[PDB]
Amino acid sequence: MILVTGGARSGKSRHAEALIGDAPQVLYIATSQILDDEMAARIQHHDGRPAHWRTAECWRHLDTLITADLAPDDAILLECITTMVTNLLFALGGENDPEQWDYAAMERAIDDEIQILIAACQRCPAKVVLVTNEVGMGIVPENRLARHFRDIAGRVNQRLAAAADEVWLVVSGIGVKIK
């Protein structure tokens, strides 16, 4: 599995997708509807490429899709890790005010989902690429949630990078192999 990271509008997916290529059958795992839509949008016009790309919207129990029942000719494109987190944050936090949240415990649950993902990735014969974002080279947020989100988001990326076979840092659309 290869991890692709970068800042906002750094061109990481384009590269992440470049990573994939000509493996006719591909699975796109989208963390937001917003993302599941842009894809199934180009896969109606894209005839263009001989690729039979498939989407699915999901940020929970990845082991379900990132299966081992997939051929090693198949590839997987997952995007994006951070939106996964944010989502998890919201649901984990429940119907409560972010002011009254158990950030140490929430962090744990996310880790879990992270371990599962990391786990399912080991048992999948197919190529799996994960897109993430770098959100810690700025200044310390004023907002509370934001401060946490930043930390947690950063620690999660550490796990991934480590379980990653390859690690790509994209800057201004220029991919840099760090691992």
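One rule holds for the numbers: they count along the sequence shown, beginning at 1.
- Count the deposited residues lacking coordinates between residue 46 and residue 47 and you get 1 to 3 of them.
- Averaged over CA atoms, B-factors in the entry run higher in 168 to 176 than in the other of 4 to 12 and 168 to 176.
- On average the C-alpha atoms of 29 to 37 have higher B-factors than those of the other stretch, with 29 to 37 and 115 to 123 being the two compared.
- Which of 54, 42, 148, 60 has the largest Cα B-factor in the deposited entry comes down to 54.
- Set against one another, the Cα B-factors of 75, 88, 81, 105 in the record reach their highest point at 105.
- Ranked against the other modelled residues of its chain, the C-alpha B-factor of residue 92 as given in the entry falls in the middle third.
- Among the modelled residues of the chain, residue 135 sits in the lowest third by CA temperature factor in this PDB entry.
- The deposited CA B-factor of residue 20 belongs to the middle third of values across its chain.
- Ranked by C-alpha B-factor against the other modelled residues of its chain, residue 110 falls in the lowest third.
- Ranked against the other modelled residues of its chain, the C-alpha B-factor of residue 70 as given in the entry falls in the highest third.
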